[PDB]
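A note on names: the letters A, B, ... follow the listed sequences, proteins ahead of strands, and every chain is numbered from 1. Just so you know, these numbers use all the heavy atoms, side chains as well, and skip hydrogens, waters and symmetry mates.
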Amino acid sequence: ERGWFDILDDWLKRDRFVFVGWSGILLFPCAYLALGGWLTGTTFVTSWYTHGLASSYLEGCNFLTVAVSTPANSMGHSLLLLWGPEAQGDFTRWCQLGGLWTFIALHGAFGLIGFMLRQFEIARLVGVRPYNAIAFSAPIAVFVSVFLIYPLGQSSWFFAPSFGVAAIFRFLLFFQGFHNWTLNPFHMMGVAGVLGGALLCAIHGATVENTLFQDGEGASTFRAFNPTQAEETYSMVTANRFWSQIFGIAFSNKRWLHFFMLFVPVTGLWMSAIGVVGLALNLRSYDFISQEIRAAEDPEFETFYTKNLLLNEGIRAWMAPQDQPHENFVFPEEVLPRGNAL
Amino acid sequence: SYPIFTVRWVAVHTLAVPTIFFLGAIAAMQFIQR
Amino acid sequence: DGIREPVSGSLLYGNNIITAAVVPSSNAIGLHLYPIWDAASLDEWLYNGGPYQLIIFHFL
Amino acid sequence: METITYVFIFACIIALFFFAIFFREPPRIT
Amino acid sequence: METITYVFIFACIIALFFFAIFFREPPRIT
Amino acid sequence: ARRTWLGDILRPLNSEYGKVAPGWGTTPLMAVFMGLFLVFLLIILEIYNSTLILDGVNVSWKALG
Amino acid sequence: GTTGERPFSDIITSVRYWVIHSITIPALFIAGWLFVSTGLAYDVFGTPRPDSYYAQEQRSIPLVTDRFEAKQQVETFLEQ
Amino acid sequence: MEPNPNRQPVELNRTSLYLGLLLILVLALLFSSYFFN
Amino acid sequence: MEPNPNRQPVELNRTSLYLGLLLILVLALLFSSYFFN
Amino acid sequence: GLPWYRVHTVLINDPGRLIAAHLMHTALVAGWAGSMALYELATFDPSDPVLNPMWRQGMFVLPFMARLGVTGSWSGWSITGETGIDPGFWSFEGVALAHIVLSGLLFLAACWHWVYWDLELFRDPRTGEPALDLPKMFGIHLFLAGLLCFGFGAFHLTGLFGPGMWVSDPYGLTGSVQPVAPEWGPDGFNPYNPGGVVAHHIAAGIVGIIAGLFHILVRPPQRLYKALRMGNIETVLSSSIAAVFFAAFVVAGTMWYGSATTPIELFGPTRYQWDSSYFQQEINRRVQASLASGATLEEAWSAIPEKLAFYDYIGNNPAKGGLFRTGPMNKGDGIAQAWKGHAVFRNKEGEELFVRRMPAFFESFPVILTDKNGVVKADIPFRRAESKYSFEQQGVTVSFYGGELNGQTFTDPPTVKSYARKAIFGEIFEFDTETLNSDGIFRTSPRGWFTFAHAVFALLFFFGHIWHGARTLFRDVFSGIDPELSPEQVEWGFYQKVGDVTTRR
Amino acid sequence: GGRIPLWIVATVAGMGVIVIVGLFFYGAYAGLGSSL
Amino acid sequence: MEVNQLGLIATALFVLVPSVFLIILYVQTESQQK
Amino acid sequence: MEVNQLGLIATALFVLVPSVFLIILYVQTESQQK
Amino acid sequence: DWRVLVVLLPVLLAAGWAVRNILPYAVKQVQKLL
Amino acid sequence: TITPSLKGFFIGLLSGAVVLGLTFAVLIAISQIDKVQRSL
Ligand code: CLA
Ligand code: CLA
Ligand code: CLA
Ligand SMILES: CC1=C(/C=C/C(C)=C/C=C/C(C)=C/C=C/C=C(C)/C=C/C=C(C)/C=C/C2=C(C)C[C@@H](O)CC2(C)C)C(C)(C)CCC1
Ligand SMILES: CC1=C(/C=C/C(C)=C/C=C/C(C)=C/C=C/C=C(C)/C=C/C=C(C)/C=C/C2=C(C)CCCC2(C)C)C(C)(C)CCC1
Ligand SMILES: CC1=C(/C=C/C(C)=C/C=C/C(C)=C/C=C/C=C(C)/C=C/C=C(C)/C=C/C2=C(C)CCCC2(C)C)C(C)(C)CCC1
Ligand SMILES: CCCCCCCCCCCCO[C@@H]1O[C@H](CO)[C@@H](O[C@H]2O[C@H](CO)[C@@H](O)[C@H](O)[C@H]2O)[C@H](O)[C@H]1O
Ligand SMILES: CCCCCCCS[C@@H]1O[C@H](CO)[C@@H](O)[C@H](O)[C@H]1O
Ligand SMILES: CCCCCCCS[C@@H]1O[C@H](CO)[C@@H](O)[C@H](O)[C@H]1O
Ligand SMILES: CCCCCCCS[C@@H]1O[C@H](CO)[C@@H](O)[C@H](O)[C@H]1O
Ligand SMILES: [Ca+2]
Ligand SMILES: [Ca+2]
Ligand SMILES: [Fe+2]
Ligand SMILES: [Mg+2]
């Protein structure tokens, strides 16, 4: 009937400036700690003992080069809990060991669960279908595959992305040199979904804004709209004829159009996630075997595919000693691959 | 007429209070020399 | 790259859809305009990456 | 064989463009 | 691969027998 | 609909569609078991992860065999 | 409509808001300043001071190599 | 366009489907050995 | 036998045919290089 | 009509045809298992479990039969290399045959349930509408699952009435099917203790029997029945999909890290055994003990089993493959024939030098040789004009101990360099590259392919869970929102509690 | 209360942002992180 | 056995192309108004 | 080029099987009573 | 540690000052909720 | 016996229970003090 659970439900679902909900009990602490952990680490915390890197404002980094970096490779996939066997409750040591990385990754994962639960919860209270939550499954698939599954397949959390601007750029280039990730058709489908999604965003926004009905006298046309109005604010019929004559095809069904705007980027991100799950195992699209057989036997045969592998080989040889310090690589000058002069 | 301490008030200060503290810390850092 | 090191771009010359390309005109040409009628032959025009210039200028 | 296959798929896509444009379902106002 | 092909075609034929008999158009007097 | 010998035997097992116990019923007992199960999963995870390390429990191939 | 809280424009244009926050905002800023200027931030988080990344003679990075005695390993690296 | 009056529906009944699939599958069973050679 | 009342007709309109064939053909144009390897 | 992606929704209100479709799916899966086993038996070479075991040959279902005690063929061989064994009916072939016959019987049952869909059993006796009492069905099925789980553990895994399970030594040298007693202490939760697998099935089975009886006898609380929509079969689909992606992540994890249920003689070694030089350490331990016992270097290395050396080779590392490098590992480096022996490199001063091994991350890797302290002493240069460490300048030689090349020394620099290039892969083997026209490029093992498919499927089933959970909880708006949706229910200020008209201010 | 005009609050707050961000850019050229 | 490498694709298309033609015609006959 | 010999049948069926599925569904939609 | 007292003191002197300019209305908002 | 990491496990378990217990005690208390008003 009207017991403490229902009284709590009442208070959680009050219409207030920031809606809370049952999902908020998970979302707000985890989102706050993931964000607070990132700001704390990038402001004050080093990566000297895990990576041999400075990574905080305190050490002199700027917004582009600060990071919360992954733990050392010797930590393996340790949860690295503050009270765990590595830090043993020592907050300072925990920071030096990379404990803020798992802190942020794990509170971040549970925060993202909380956010998608929030999307379900609010949709149910307001009475709408939960397509926004469904679309959010693509961000979740990316986060889980890149920050959790990928390192879990590799030797340790060390090879996860570190949380920082330049750290992420390094992650991209590592994936080119070691995984040839641009060659992977699951990444290519990701690119198509992202660039196609951005294309749809731009073309739909521009089409609506340029097929508006004149619903007011102002030369600035934003005021000539009322949220409660029954009428479409732009002409689907004129938009359809325009694109039919420009491009050859056009939308004619507004419901399909808006579903497609969700489908394209959501599907692209999901495809990129599958490729990263493969790369967790080094199951790369690295080579074309027929290209390698021909090129090995025929020293005059050259394609852009063989050209890019040479670039990958330079990335690996020149970045690995400093990027993988636990390996203690010493590559004498004479073994480094390089072309003429450079 | 209006309440002063609300959920909104708490949410505002969980963000605002550390932000100002951090900005003071980062400001001090601009005068550190090696 | 104008160093007499021709890069194969076409399907029939050993490429697949992922590796094939229409290859830029030679570094020896630089920014010079290289239309078909400035070449001694189509064979020359092809070696030096003539198709790329025709394509990109008409495309733009 | 692989070149034939690649060009065949491409050719089918171009044919599809032609039908999708000139033999589309006509949009009808209702 | 050739054995698979032969056995596959044979298996499709046996399946067709099953549908041709038990899922036939019923003969109907009219 | 078609009655069969086996259908008649099974009929009571598919006859209480929609039947509920009043109110919250055994929900509190259920939550206790859910909590114990969460702790169980956390235990076996942290053992496998070497975050929880127990005497006589060497998480390796090379323990024995 | 709205959700009942006082409008922010009301709050941040009122004298009482600025009586309170002309104190609390500078006080927090100064506290953060001192957290750095006293050097306390280095010791809370274990971040090396500029003279503490390397010992004078060796030029090798004190990388953690031992998962379960890593805490004692940084401590040994720090005594140098 | 004005409708073309020469159009007609097309039919293939189930028996004809079964006869045709039998013809195709048996022809394939027969000729596949010579295709593999 | 008595008719099953749960049967429903199925539909694929022409636009969906064109979208689906485009998806299939483009996926094939994309993946075929990796199948030939 | 129904769009193409909804055709199967005609089963939602038709329990008999849903059962038929489930029978057909079950027939397809059982028929896949039988056909897959037959294909593997038609291609598997059983003549060498040392250097050509099943996991070098792309075998996927063979290790699952072996894991639970099917180890022999009607043709007389066993996967541990025995000859003249009698497996009885339950050989690999008998298992395949049983799955094919099962497939056909399930197919016939599907036809019957499709035609005779209108059984009185599927009608609610009060309303005459189609109805499944899903809460009680759960109890019945959970009770049955508990009994089977318990019996699998108590009889099969123990060998009390059944064959046991595959177990092996820590280095995967002497694996076999054995009866395994349950482990009832804390080490039963060690993933590498097989006795914990036995204890799990006994204890979880008993719990399943008890919970099943609870779920047969006690109705769901009204509050839970309404909240989870227990009258809607799609709620079961949603939570079943969740449980299945959980299980799929677990089996992906235990396949990749290794456990008592993913043994290395069946699925191949793990990447972590290469990362940690697990086999190299044991090899070195054994050689040092032989030497400390007075053995010569040749005798010490000749005492190393070829199977142990073969694990210490990166071509068996499952993290060395490619997504489109298809087939068995043998298709890459070749069919392993023999260990060449342990290569010892020395410079002209006679110092022993060690080749830096390739980490799994690297498709290619330079050749660098160090002394026992890690000081660089020789390498294969790229640019030659400033080379200081070339094998020619340093007088590098290589001598072999054990294996085919035991007692031999090579001094010709191209030959020494050739062997150094193989040493970055670990121990050096001779391969037959002709039989399969092998291309020389590394492929992953069934350990890798299993992990990939199940991690990918698990992630995709997360989407299915979200989708069907959404459809369950939002069924009333699946066709759109209420056309006369009260604008006060979504604007701010009207209701104290969001979506509750009884809290109107 | 509306005693303090919002345009003054905005102007002063914005100028404060410019000052502190300006300080951070100054710090890119002096002390730690300056490369010198 | 060293069979012709085109035998597989030849047999597959020999089966698939005419079988699909018949399936198309059958299904669209069933769907016509009765 | 030494391509995989199964690439051709893989690509052919990858195209043909789903394309045929859609054509079957389209044609029987057209033949339904209008 | 004197450095911790030094950093805390301005914050504590700020929260003490804000509670002295809000206690007339915070006790009122508390009693208003009964 | 109780190893250091099992003691750590108990510390984390108790810490999480305290956080959740305090969170719900506060939310329940607040929900009881500030109930929504409903019409008859
Ligand atoms: C409320 C949401 C929430 C969630 C989901 C998490 C989740 C997590 N936290 Mg975070 N945290 C939170 C809020 C949250 N936190 C808050 C409010 C604070 C500030 C106090 C923190 C501060 C914090 C720190 C400092 C750390 C974490 C860490 C973690 C991770 C490990 C947690 C663990 O093992 O607990 C185990 C405990 C439970 C799961 C509680 C369940 C209790 C069961 C159901 C009942 C048992 C009761 C028990 C029997 C009572 C007697 C105990 C007796 C045996 C002693 C996990 C990702 C660790 C981390 O991220 O490392 C990388 C870590 O170091 N959290
Ligand atoms: C979990 C499923 C699974 C796994 C892990 C394995 C594992 C294995 N198989 Mg088996 N097999 C399976 C199911 C599986 N199989 C099934 C269902 C069949 C019937 C088709 C077979 C029939 C089979 C044969 C005939 C053979 C194998 C072989 C093997 C071995 C080599 C695998 C290989 O080269 O893959 C290569 C994998 C890939 C190239 C990845 C394909 C990725 C697809 C194409 C992506 C599609 C993307 C999609 C179109 C995009 C949609 C986008 C849209 C949503 C917008 C390996 C041990 C070989 C072996 O060595 O036997 C001894 C062998 O000859 N398998
Ligand atoms: C136990 C697993 C399971 C079951 C029984 C269902 C059942 C259902 N689904 Mg769900 N779903 C699942 C898992 C499951 N799904 C997963 C893992 C995902 C994420 C991929 C989804 C995402 C999903 C969406 C987005 C939708 C459904 C819909 C439906 C309903 C109609 C489906 C239909 O008519 O397809 C007809 C399908 C075809 C005619 C051809 C599909 C061909 C696929 C794409 C490629 C071939 C796949 C190959 C044969 C699979 C081999 C097995 C695989 C495990 C490897 C039906 C109730 C639909 C619905 O809700 O309707 C109201 C719907 O829109 N499902
Ligand atoms: C009910 C329900 C569900 C299912 C719930 C299920 C299956 C629940 C089952 C829960 C189980 C089996 C829980 C078992 C818990 C066991 C525990 C916590 C054991 C703890 C043992 C400890 C701490 C021992 C510590 C020690 C050790 C290791 C060494 C010794 O020397 C010293 C000592 C004793 C302190 C679903 C699937 C989630 C659906 C929704 C509803
Ligand atoms: C970790 C941890 C934790 C937590 C903590 C926290 C929660 C924190 C927070 C913190 C925070 C919360 C912080 C904040 C900060 C902030 C900042 C630092 C900001 C800055 C900003 C700026 C600089 C700006 C910029 C800009 C932009 C962005 C755009 C516009 C323009 C400009 C340029 C202005 C605990 C204890 C639980 C436990 C242990 C661990
Ligand atoms: C009738 C009958 C019979 C017979 C039976 C039989 C003969 C059966 C068979 C069966 C079979 C023989 C089956 C098979 C099946 C199969 C399957 C079901 C498959 C599937 C597959 C799939 C699904 C795949 C997929 C994929 C691909 C293709 C690519 C890659 C990726 C993936 C994996 C996704 C007998 C005498 C008993 C008597 C009684 C009656
Ligand atoms: C790789 C394999 C490729 C094989 C390709 C085979 C293509 C086969 C094309 C079949 C053509 C069928 O063409 C189809 O005919 C039917 C009648 O039969 C027409 O149907 C028309 O007549 C029927 C009469 O019953 C009406 O119900 C329907 O409303 C009307 O439109 C369809 O409008 C037309 O689309
Ligand atoms: C927080 C987890 C959700 C647990 C829900 C269990 C509700 S418990 C519920 O509480 C009521 C209090 O008046 C009692 O009347 C009722 O008998 C009791 O079962
Ligand atoms: C469908 C064909 C059935 C053929 C039956 C041959 C039975 S053979 C029989 O099978 C037992 C299985 O455990 C063995 O233990 C036993 O030694 C063996 O002789
Ligand atoms: C100059 C060549 C020296 C002779 C021995 C070379 C290293 S060993 C050599 O490696 C090959 C792969 O490269 C294997 O296929 C082959 O079985 C093996 O003999
Ligand atoms: Ca100085
Ligand atoms: Ca060859
Ligand atoms: Fe729109
Ligand atoms: Mg500076």
Side-chain angles (χ1 to χ4, degrees), chain A residues 33-34 37 41 45-51 68-92 94-110 144 147-163 280 324-326, chain F residues 41-54 57-61, chain G residues 46 63-68 70-71 73-74, chain J residues 189-192 249 253-254 256-259 270-273 275-276 278, chain O residues 3-13 15-16:
Chain A
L33 294 186
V45 170
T46 189
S47 304
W48 187 234
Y49 306 100
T50 56
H51 283 77
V68 173
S69 302
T70 50
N73 186 74
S74 61
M75 312 306 297
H77 308 97
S78 173
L79 294 164
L80 243 176
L81 312 180
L82 172 59
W83 55 86
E86 302 91 359
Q88 305 176 63
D90 188 324
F91 175 83
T92 300
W94 184 63
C95 292
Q96 297 167 322
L97 293 176
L100 287 179
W101 191 89
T102 55
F103 183 92
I104 292 170
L106 294 172
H107 286 91
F110 282 101
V144 165
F147 288 83
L148 296 176
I149 297 175
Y150 174 77
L152 283 171
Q154 296 290 338
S155 66
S156 71
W157 300 121
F158 179 90
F159 291 101
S162 290
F163 294 105
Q324 307 183 40
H326 50 280
Chain F
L41 290 182
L42 187 65
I43 287 171
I44 60 167
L45 168 62
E46 294 190 4
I47 287 171
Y48 214 142
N49 187 250
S50 302
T51 288
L52 174 56
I53 301 168
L54 303 173
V57 184
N58 178 20
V59 184
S60 175
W61 309 102
Chain G
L63 286 146
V64 161
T65 61
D66 184 356
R67 169 163 173 182
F68 297 108
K71 182 190 178 308
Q73 204 187 3
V74 170
Chain J
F189 304 100
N190 185 341
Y192 297 97
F249 276 127
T254 62
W256 196 240
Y257 305 123
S259 76
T270 73
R271 70 153 290 153
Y272 301 98
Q273 288 168 322
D275 295 320
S276 66
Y278 181 71
Chain O
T3 61
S5 61
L6 181 62
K7 185 180 166 81
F9 176 87
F10 288 143
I11 291 177
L13 200 62
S15 292

Return the set of residues passing side-chain hydrogen bond (donor to acceptor under 3.5 Å, both in side chains) with [X] (not counting sequence neighbours), or none when no residue passes.
X: F/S50; value: none
X: A/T46; value: A/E59
X: J/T270; value: none
X: J/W256; value: J/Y272

Within-4.5 Å side-chain heavy-atom neighbours: [X] and [Y]:
X: O/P4; Y: A/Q88; value: no
X: A/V144; Y: A/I149; value: yes
X: A/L79; Y: A/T102; value: no
X: A/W94; Y: A/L100; value: yes
X: G/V64; Y: A/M75; value: yes
X: A/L33; Y: A/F103; value: yes

> Considering residues at least two apart in sequence or located in another chain, which fulfil the ring-ring contact (aromatic ring centres under 6.0 Å, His included) criterion with O/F9?
Replying inline: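 For O/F9, no residue satisfies ring-ring contact (aromatic ring centres under 6.0 Å, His included) once neighbours in sequence are set aside.
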Exercise: identify the closest heavy-atom pair between [X] and [Y]:
X: F/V59; Y: J/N190; answer: CA-OD1, 3.7 Å
X: A/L97; Y: A/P71; answer: O-CB, 3.4 Å
X: A/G76; Y: A/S156; answer: O-CB, 3.2 Å
X: A/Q96; Y: G/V74; answer: OE1-CG1, 3.4 Å
X: G/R67; Y: F/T51; answer: NH2-N, 4.0 Å

Partners meeting side-chain contact (heavy atoms from CB on, under 4.5 Å) with [X] (sequence neighbours left out):
X: O/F10; value: O/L6
X: F/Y48; value: J/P191, J/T254, J/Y257, J/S259
X: A/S155; value: A/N73, A/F159, J/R271, J/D275
X: O/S5; value: A/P85, F/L52, F/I53, O/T3

Donor-acceptor pair, [X] side chain versus [Y] backbone, under 3.5 Å?
X: A/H77; Y: A/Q154; value: yes
X: G/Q73; Y: G/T65; value: yes
X: A/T70; Y: A/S162; value: no

>> Before you tell me yes or no, could you show the steps for A/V68 and A/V45 under side-chain contact (heavy atoms from CB on, under 4.5 Å), namely the whole-Å CA-CA distance, both residues' side-chain angles and the distance that decides it to 0.1 Å?
In response: CA-CA 8 Å; A/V68 173; A/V45 170; over 6 Å; no
>> Here's a test for you: under ring-ring contact (aromatic ring centres under 6.0 Å, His included), which of A/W101, A/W157, A/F158 qualifies with A/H51?
In response: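 The residue from A/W101, A/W157, A/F158 that satisfies ring-ring contact (aromatic ring centres under 6.0 Å, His included) with A/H51 turns out to be A/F158.
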> If you measure from CZ on A/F91 to CG on A/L82, what distance do you get to the nearest 0.5 Å?
Replying inline: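 If I round to the nearest 0.5 Å, the distance is 7.5 Å.
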>> Can you tell me how far apart CG (A/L80) and CG (A/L106) are? Round to the nearest 0.5 Å.
In response: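 Separation between the atoms: 10.0 Å.
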